[PDB]
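Below is one structure, written out as structure tokens, with a few remarks after it.
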Amino acid sequence: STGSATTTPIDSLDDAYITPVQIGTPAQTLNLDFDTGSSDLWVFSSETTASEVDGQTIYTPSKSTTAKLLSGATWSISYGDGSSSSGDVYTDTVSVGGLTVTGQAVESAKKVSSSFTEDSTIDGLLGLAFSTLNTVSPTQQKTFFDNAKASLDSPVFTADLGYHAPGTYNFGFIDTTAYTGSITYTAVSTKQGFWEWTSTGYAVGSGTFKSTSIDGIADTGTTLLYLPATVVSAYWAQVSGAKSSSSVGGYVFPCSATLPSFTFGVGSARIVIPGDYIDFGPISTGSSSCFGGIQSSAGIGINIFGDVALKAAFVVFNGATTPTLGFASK
Ligand code: NA
């Protein structure tokens with residue numbers, strides 16, 4: 001089997017991407033944030049504290065003929081941005097892009113933090129990191145990908161995120177029409193439960209490539225590119241008037257600037273992030289200070305190849321017995 005679903009930016013900045021997901025019988029379609037940095041499929045629901053729901057579509061298990069309470073199971077998750085959610089668990093039928101899993105754990109939120117409530121466009125998360133990170137207690141649950149894997153034509157999914165445009169998540173196949181050149185594969189460590197890999201270095205604009213190992217994670221659920229402070233300083237030093245602002249929470253730059261590209265290495269291959277991808281617009285409405293898309297990972301404890309980086313590539317998440325990542329230009 002295979003699946004193929006379009007993923008759509010939630011706003012004009014590509015802050016996140018939503019993908020429609022069918023849950024239950026008859027189908028209830030919710031727009032979920034596919035997150036390769038976490039391992040819980042959780043949804044706004046008929047159980048979510050009413051004051052914490054503001055515009056989201058909710059899953060109502062009582063209206064699904066295939067829903068079953070997973071008795072005694074609870075979940076609670078905290079993300080890198082400080083957001084959180086928790087609740088109880090149902091099993092139900094879940095379909096993505098025509099690919100169906102029966103018996104998927106659907107984590108029903110009883111509580112969500114303010115950042116979730118305030119984002120009316122995201123109805124929940126669908127985690128695609130390794131199932132070792134799933135938070136369900138006392139019986140850990142599998143991700144949608146891990147439950148689908150054995151049925152897929154190939155044990156893979158691909159992320160093809162758009163720049164200010166829709167893109168695609170495919171399950172079970174490589175679309176050889178979706179990228180240019182060849183795919184360069186690189187080793188993955190699953191030790192922390194992430195799609196963790198080592199970039200071979202970077203370049204700023206037309207500058208020389210610096211060969212250096214940068215361990216980080218491929219995380220579709222993180223907007224920005226978070227790299228070591230040395231690398232990030234070298235990038236923003238090429239932008240007149242850029243500075244790190246403790247008041248704003250990162251590097252800002254004059255909105256009048258033209259940003260340089262950023263290149264990262266994948267083995268001997270190179271992925272180029274256009275300068276435009278690194279502009280996250282005014283820090284507040286009408287400001288002439290703009291927020292940068294490359295930020296320091298210092299204090300986060302890991303480097304994160306978030307959407308800024310991933311949307312410059314066609315990315316293969318290879319879940320074979322030895323997992324690997326692949327990157328191609330597009
Ligand atoms: Na922000």
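Residues in the structure tokens are named by chain (A, B, ... in the order shown) and by number from 1 within that chain; ligands are numbered from 1 in the order shown.
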
Excluding range 221-231 of chain A and residues on its chain fewer than 4 positions from it, collect all residues at most 6 Å away from it, counting only C-alpha atoms, and give them as a list in words. residues 15, 35, 293, 294, 295, 296, 297, 303, 304, 305, 306, 307 and 308 of chain A

Would you give me, as JSON lines, each residue of chain A having an atom within 12 Å of an atom of ligand 1, along with its shortest atom pair and that distance in Å to one decimal, using only C-alpha atoms and all ligand atoms and sorting by chain and residue number?
```
{"residue": "A:13", "atom": "CA", "partner": "ligand 1", "partner_atom_place_in_ligand_line": "1 (Na)", "distance": 10.2}
{"residue": "A:14", "atom": "CA", "partner": "ligand 1", "partner_atom_place_in_ligand_line": "1 (Na)", "distance": 11.5}
{"residue": "A:15", "atom": "CA", "partner": "ligand 1", "partner_atom_place_in_ligand_line": "1 (Na)", "distance": 8.6}
{"residue": "A:16", "atom": "CA", "partner": "ligand 1", "partner_atom_place_in_ligand_line": "1 (Na)", "distance": 11.6}
{"residue": "A:81", "atom": "CA", "partner": "ligand 1", "partner_atom_place_in_ligand_line": "1 (Na)", "distance": 10.1}
{"residue": "A:115", "atom": "CA", "partner": "ligand 1", "partner_atom_place_in_ligand_line": "1 (Na)", "distance": 11.3}
{"residue": "A:222", "atom": "CA", "partner": "ligand 1", "partner_atom_place_in_ligand_line": "1 (Na)", "distance": 11.3}
{"residue": "A:223", "atom": "CA", "partner": "ligand 1", "partner_atom_place_in_ligand_line": "1 (Na)", "distance": 9.2}
{"residue": "A:224", "atom": "CA", "partner": "ligand 1", "partner_atom_place_in_ligand_line": "1 (Na)", "distance": 9.6}
{"residue": "A:248", "atom": "CA", "partner": "ligand 1", "partner_atom_place_in_ligand_line": "1 (Na)", "distance": 8.8}
{"residue": "A:249", "atom": "CA", "partner": "ligand 1", "partner_atom_place_in_ligand_line": "1 (Na)", "distance": 8.4}
{"residue": "A:250", "atom": "CA", "partner": "ligand 1", "partner_atom_place_in_ligand_line": "1 (Na)", "distance": 9.4}
{"residue": "A:251", "atom": "CA", "partner": "ligand 1", "partner_atom_place_in_ligand_line": "1 (Na)", "distance": 11.3}
{"residue": "A:252", "atom": "CA", "partner": "ligand 1", "partner_atom_place_in_ligand_line": "1 (Na)", "distance": 11.2}
{"residue": "A:279", "atom": "CA", "partner": "ligand 1", "partner_atom_place_in_ligand_line": "1 (Na)", "distance": 11.8}
{"residue": "A:280", "atom": "CA", "partner": "ligand 1", "partner_atom_place_in_ligand_line": "1 (Na)", "distance": 8.3}
{"residue": "A:281", "atom": "CA", "partner": "ligand 1", "partner_atom_place_in_ligand_line": "1 (Na)", "distance": 9.8}
{"residue": "A:282", "atom": "CA", "partner": "ligand 1", "partner_atom_place_in_ligand_line": "1 (Na)", "distance": 9.9}
{"residue": "A:283", "atom": "CA", "partner": "ligand 1", "partner_atom_place_in_ligand_line": "1 (Na)", "distance": 7.6}
{"residue": "A:284", "atom": "CA", "partner": "ligand 1", "partner_atom_place_in_ligand_line": "1 (Na)", "distance": 9.4}
{"residue": "A:290", "atom": "CA", "partner": "ligand 1", "partner_atom_place_in_ligand_line": "1 (Na)", "distance": 10.6}
{"residue": "A:291", "atom": "CA", "partner": "ligand 1", "partner_atom_place_in_ligand_line": "1 (Na)", "distance": 7.8}
{"residue": "A:292", "atom": "CA", "partner": "ligand 1", "partner_atom_place_in_ligand_line": "1 (Na)", "distance": 9.6}
{"residue": "A:293", "atom": "CA", "partner": "ligand 1", "partner_atom_place_in_ligand_line": "1 (Na)", "distance": 9.8}
{"residue": "A:295", "atom": "CA", "partner": "ligand 1", "partner_atom_place_in_ligand_line": "1 (Na)", "distance": 11.3}
```

Same residues, C-alpha atoms, output as a short mmCIF file (atom, residue, chain, number, x, y, z; two decimals), in the first residue's frame:
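Final output, saved to result-v2.cif:
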```cif
data_model
loop_
_atom_site.label_atom_id
_atom_site.label_comp_id
_atom_site.auth_asym_id
_atom_site.auth_seq_id
_atom_site.Cartn_x
_atom_site.Cartn_y
_atom_site.Cartn_z
CA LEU A 13 5.20 32.69 7.00
CA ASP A 14 5.12 28.84 6.72
CA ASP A 15 4.99 28.70 10.50
CA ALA A 16 3.72 25.10 10.27
CA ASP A 81 8.63 25.52 22.54
CA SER A 115 -0.28 28.16 22.07
CA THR A 222 9.93 22.95 14.15
CA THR A 223 9.64 26.10 12.01
CA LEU A 224 13.22 27.34 12.03
CA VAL A 248 12.97 39.61 20.93
CA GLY A 249 14.45 36.14 21.55
CA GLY A 250 16.94 35.70 18.71
CA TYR A 251 18.60 37.21 15.69
CA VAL A 252 16.77 40.07 13.98
CA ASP A 279 13.02 35.82 6.29
CA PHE A 280 10.28 35.46 8.91
CA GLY A 281 9.05 39.02 8.53
CA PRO A 282 8.45 41.84 10.99
CA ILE A 283 8.87 41.00 14.67
CA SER A 284 5.59 42.79 15.37
CA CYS A 290 12.54 41.27 10.85
CA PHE A 291 12.99 37.89 12.55
CA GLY A 292 15.62 35.50 11.27
CA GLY A 293 14.98 31.92 10.21
CA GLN A 295 18.76 30.80 15.15
#
```

Nearby residues (only C-alpha atoms) at most 10 Å from range 201-218 of chain A, same-chain spacing under 2 positions excluded, as a PyMOL selection string: chain A and resi 35-37+129+188-189+192-199+220-222+225-228+231-232+234-238+259-268+270-275+297+301-307+309-310+315+317+325

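Comparing the minimum interatomic distances between residue 70 in chain A and each of A:52, A:92, A:146, A:47, counting only C-alpha atoms, we find that A:92 sits nearest.
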
When distances are computed from only C-alpha atoms, which of A:316, A:128, A:58, A:122 shows the smallest separation from residue 173 in chain A? A:316

Please identify the strand (DSSP E or B) residues within range 13-102 of chain A (assignment by DSSP from backbone atoms) and present them as a ChimeraX atom specification. /A:17-23,28-35,41-43,45,59,68-78,84-96,99-102

How about saving the chosen residues, N, CA and C atoms kept, as a compact mmCIF listing (two decimals), in the first residue's frame?
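Wrote selection08.txt, looks like this:
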```txt
# COMPACT_ATOMS: atom_id res chain seq x y z
N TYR A 17 2.73 23.42 8.91
CA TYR A 17 2.01 22.82 7.79
C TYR A 17 0.93 21.87 8.33
N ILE A 18 -0.21 21.89 7.73
CA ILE A 18 -1.32 20.99 8.10
C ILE A 18 -1.66 20.06 6.97
N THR A 19 -2.02 18.83 7.36
CA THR A 19 -2.32 17.74 6.44
C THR A 19 -3.63 17.12 6.87
N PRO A 20 -4.61 16.94 5.98
CA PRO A 20 -5.88 16.38 6.40
C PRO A 20 -5.70 14.89 6.70
N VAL A 21 -6.37 14.45 7.76
CA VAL A 21 -6.33 13.07 8.28
C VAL A 21 -7.75 12.64 8.58
N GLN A 22 -8.13 11.45 8.09
CA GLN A 22 -9.46 10.89 8.36
C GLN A 22 -9.37 9.99 9.59
N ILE A 23 -10.23 10.27 10.56
CA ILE A 23 -10.26 9.47 11.82
C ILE A 23 -11.68 8.96 12.00
N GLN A 28 -14.06 11.43 10.25
CA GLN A 28 -13.96 12.79 10.77
C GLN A 28 -12.61 13.33 10.28
N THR A 29 -12.60 14.35 9.47
CA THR A 29 -11.36 14.88 8.91
C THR A 29 -10.85 16.02 9.80
N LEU A 30 -9.64 15.84 10.31
CA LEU A 30 -8.96 16.85 11.11
C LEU A 30 -7.67 17.22 10.40
N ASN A 31 -7.25 18.46 10.54
CA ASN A 31 -6.02 18.96 9.94
C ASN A 31 -4.88 18.90 10.96
N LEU A 32 -3.96 17.97 10.77
CA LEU A 32 -2.92 17.71 11.76
C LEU A 32 -1.57 18.20 11.28
N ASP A 33 -0.76 18.55 12.27
CA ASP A 33 0.62 18.96 12.06
C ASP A 33 1.52 17.73 12.13
N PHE A 34 2.01 17.29 10.99
CA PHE A 34 2.87 16.09 10.91
C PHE A 34 4.24 16.45 11.47
N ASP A 35 4.69 15.78 12.49
CA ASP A 35 5.84 16.20 13.31
C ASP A 35 6.85 15.07 13.39
N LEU A 41 0.14 10.87 18.25
CA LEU A 41 -0.94 11.35 17.39
C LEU A 41 -2.01 11.80 18.34
N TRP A 42 -2.17 13.09 18.53
CA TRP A 42 -3.15 13.62 19.48
C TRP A 42 -4.02 14.63 18.78
N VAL A 43 -5.23 14.76 19.25
CA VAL A 43 -6.25 15.60 18.61
C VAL A 43 -7.03 16.38 19.63
N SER A 45 -10.59 17.31 20.81
CA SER A 45 -11.65 16.32 20.89
C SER A 45 -12.86 16.90 21.64
N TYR A 59 -12.32 15.84 17.20
CA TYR A 59 -12.66 14.42 17.09
C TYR A 59 -13.67 14.06 18.20
N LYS A 68 -12.68 2.80 20.17
CA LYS A 68 -12.74 2.04 21.43
C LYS A 68 -11.81 2.70 22.43
N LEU A 69 -12.31 2.94 23.62
CA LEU A 69 -11.45 3.46 24.69
C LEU A 69 -10.29 2.52 24.89
N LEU A 70 -9.08 3.00 25.00
CA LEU A 70 -7.93 2.19 25.40
C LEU A 70 -7.85 2.35 26.92
N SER A 71 -8.50 1.41 27.60
CA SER A 71 -8.84 1.59 29.02
C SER A 71 -7.58 1.74 29.87
N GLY A 72 -7.59 2.80 30.65
CA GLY A 72 -6.53 3.10 31.60
C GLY A 72 -5.39 3.90 31.01
N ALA A 73 -5.33 4.05 29.70
CA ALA A 73 -4.16 4.71 29.08
C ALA A 73 -4.31 6.24 29.18
N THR A 74 -3.23 6.90 29.51
CA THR A 74 -3.17 8.37 29.50
C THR A 74 -1.90 8.76 28.78
N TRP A 75 -1.86 10.06 28.47
CA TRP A 75 -0.70 10.64 27.78
C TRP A 75 -0.53 12.08 28.25
N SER A 76 0.70 12.52 28.13
CA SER A 76 1.07 13.90 28.50
C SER A 76 2.39 14.20 27.85
N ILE A 77 2.38 15.31 27.10
CA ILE A 77 3.58 15.69 26.30
C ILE A 77 3.89 17.18 26.46
N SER A 78 5.18 17.45 26.43
CA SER A 78 5.75 18.82 26.46
C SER A 78 6.66 18.96 25.26
N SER A 84 2.27 22.20 25.53
CA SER A 84 1.93 20.88 26.13
C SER A 84 0.48 20.55 25.89
N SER A 85 0.19 19.25 26.08
CA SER A 85 -1.15 18.71 26.01
C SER A 85 -1.16 17.35 26.73
N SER A 86 -2.36 16.94 27.09
CA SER A 86 -2.53 15.64 27.80
C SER A 86 -3.96 15.18 27.68
N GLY A 87 -4.15 13.88 27.98
CA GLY A 87 -5.50 13.34 27.91
C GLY A 87 -5.52 11.83 28.06
N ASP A 88 -6.56 11.28 27.43
CA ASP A 88 -6.77 9.81 27.41
C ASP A 88 -6.67 9.29 25.99
N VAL A 89 -7.00 8.03 25.73
CA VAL A 89 -6.62 7.39 24.46
C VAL A 89 -7.75 6.55 23.97
N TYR A 90 -8.01 6.60 22.68
CA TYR A 90 -8.91 5.70 21.96
C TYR A 90 -8.12 4.97 20.90
N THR A 91 -8.53 3.82 20.48
CA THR A 91 -8.06 3.28 19.21
C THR A 91 -9.12 3.49 18.18
N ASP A 92 -8.70 3.78 16.95
CA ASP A 92 -9.67 3.99 15.86
C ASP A 92 -8.96 3.80 14.53
N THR A 93 -9.73 3.83 13.47
CA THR A 93 -9.19 3.76 12.10
C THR A 93 -8.70 5.14 11.66
N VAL A 94 -7.49 5.22 11.17
CA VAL A 94 -6.89 6.51 10.75
C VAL A 94 -6.39 6.31 9.35
N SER A 95 -6.75 7.25 8.46
CA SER A 95 -6.28 7.23 7.06
C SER A 95 -5.60 8.54 6.71
N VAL A 96 -4.50 8.42 6.01
CA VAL A 96 -3.73 9.57 5.49
C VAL A 96 -3.55 9.35 4.03
N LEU A 99 -4.05 5.85 2.71
CA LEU A 99 -3.41 4.76 3.46
C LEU A 99 -4.12 4.63 4.79
N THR A 100 -4.63 3.44 5.10
CA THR A 100 -5.44 3.22 6.31
C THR A 100 -4.71 2.36 7.29
N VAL A 101 -4.75 2.76 8.55
CA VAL A 101 -4.32 1.93 9.69
C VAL A 101 -5.53 1.70 10.57
N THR A 102 -5.76 0.44 10.90
CA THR A 102 -6.75 0.12 11.93
C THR A 102 -6.08 -0.03 13.28
```

Nearest residue to residue 123 in chain A from the set A:103, A:319, A:55, A:61 (distances using only C-alpha atoms): A:55

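Remark: for residue 169 in chain A, the closest of the candidate residues A:187, A:255, A:156, A:106 is A:156 (distances computed over only C-alpha atoms).
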
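The space separating CA of residue 320 in chain A from CA of residue 24 in chain A comes to 28.6 Å.
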
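Secondary structure by DSSP on the backbone puts the following residues of range 99-172 of chain A in helix (DSSP H, G or I): residues 114, 115, 116, 117, 118, 131, 132, 133, 144, 145, 146, 147, 148, 149, 150 and 151 of chain A.
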
Preceding selection exported with C-alpha atoms as a CSV table (one decimal), in the first residue's frame:
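Once written, selection_36.csv looks like this:
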```
chain,number,residue,atom,x,y,z
A,114,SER,CA,-2.4,28.3,25.3
A,115,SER,CA,-0.3,28.2,22.1
A,116,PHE,CA,-2.5,25.3,20.8
A,117,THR,CA,-5.8,27.0,21.7
A,118,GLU,CA,-4.6,30.2,20.0
A,131,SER,CA,7.8,5.1,18.8
A,132,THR,CA,10.2,5.0,21.7
A,133,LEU,CA,9.2,8.6,22.3
A,144,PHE,CA,0.9,5.9,12.4
A,145,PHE,CA,4.1,5.1,10.4
A,146,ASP,CA,5.2,2.3,12.6
A,147,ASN,CA,1.7,0.7,12.4
A,148,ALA,CA,1.5,1.2,8.6
A,149,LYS,CA,5.1,0.0,7.9
A,150,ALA,CA,4.6,-3.7,7.3
A,151,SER,CA,1.7,-2.9,4.8
```

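Between CA of residue 253 in chain A and CA of residue 241 in chain A there is a distance of 6.0 Å.
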
At a cut-off of 9 Å, using only C-alpha atoms, what residues contact residue 318 in chain A? Leave out same-chain residues fewer than 4 positions from it and give the result as an mmCIF file with N, CA and C atoms, in the first residue's frame.
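Saved the output as out25.cif:
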```cif
data_model
loop_
_atom_site.group_PDB
_atom_site.id
_atom_site.type_symbol
_atom_site.label_atom_id
_atom_site.label_comp_id
_atom_site.auth_asym_id
_atom_site.auth_seq_id
_atom_site.Cartn_x
_atom_site.Cartn_y
_atom_site.Cartn_z
ATOM 1 N N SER A 154 7.221 0.081 0.420
ATOM 2 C CA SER A 154 8.608 0.324 0.868
ATOM 3 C C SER A 154 8.481 0.985 2.239
ATOM 4 N N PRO A 155 9.333 0.687 3.221
ATOM 5 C CA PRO A 155 9.149 1.188 4.579
ATOM 6 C C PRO A 155 9.692 2.625 4.759
ATOM 7 N N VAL A 156 9.060 3.559 4.066
ATOM 8 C CA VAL A 156 9.568 4.940 3.952
ATOM 9 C C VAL A 156 8.399 5.889 3.990
ATOM 10 N N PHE A 157 8.710 7.140 4.377
ATOM 11 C CA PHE A 157 7.805 8.250 4.044
ATOM 12 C C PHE A 157 8.687 9.399 3.582
ATOM 13 N N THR A 158 8.108 10.324 2.837
ATOM 14 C CA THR A 158 8.876 11.464 2.313
ATOM 15 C C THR A 158 8.146 12.721 2.665
ATOM 16 N N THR A 322 17.694 -0.803 9.338
ATOM 17 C CA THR A 322 18.691 0.265 9.616
ATOM 18 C C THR A 322 18.115 1.575 9.048
ATOM 19 N N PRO A 323 17.558 2.478 9.883
ATOM 20 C CA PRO A 323 16.994 3.711 9.308
ATOM 21 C C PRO A 323 18.064 4.611 8.741
ATOM 22 N N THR A 324 17.692 5.360 7.726
ATOM 23 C CA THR A 324 18.561 6.389 7.140
ATOM 24 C C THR A 324 17.697 7.569 6.722
ATOM 25 N N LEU A 325 18.332 8.724 6.520
ATOM 26 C CA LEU A 325 17.668 9.892 5.885
ATOM 27 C C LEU A 325 18.225 10.072 4.499
ATOM 28 N N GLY A 326 17.424 10.523 3.557
ATOM 29 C CA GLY A 326 17.883 10.935 2.262
ATOM 30 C C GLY A 326 17.495 12.363 1.961
#
```

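With only C-alpha atoms as the basis for measurement, A:170 is the residue among A:245, A:258, A:141, A:170 that approaches residue 2 in chain A most closely.
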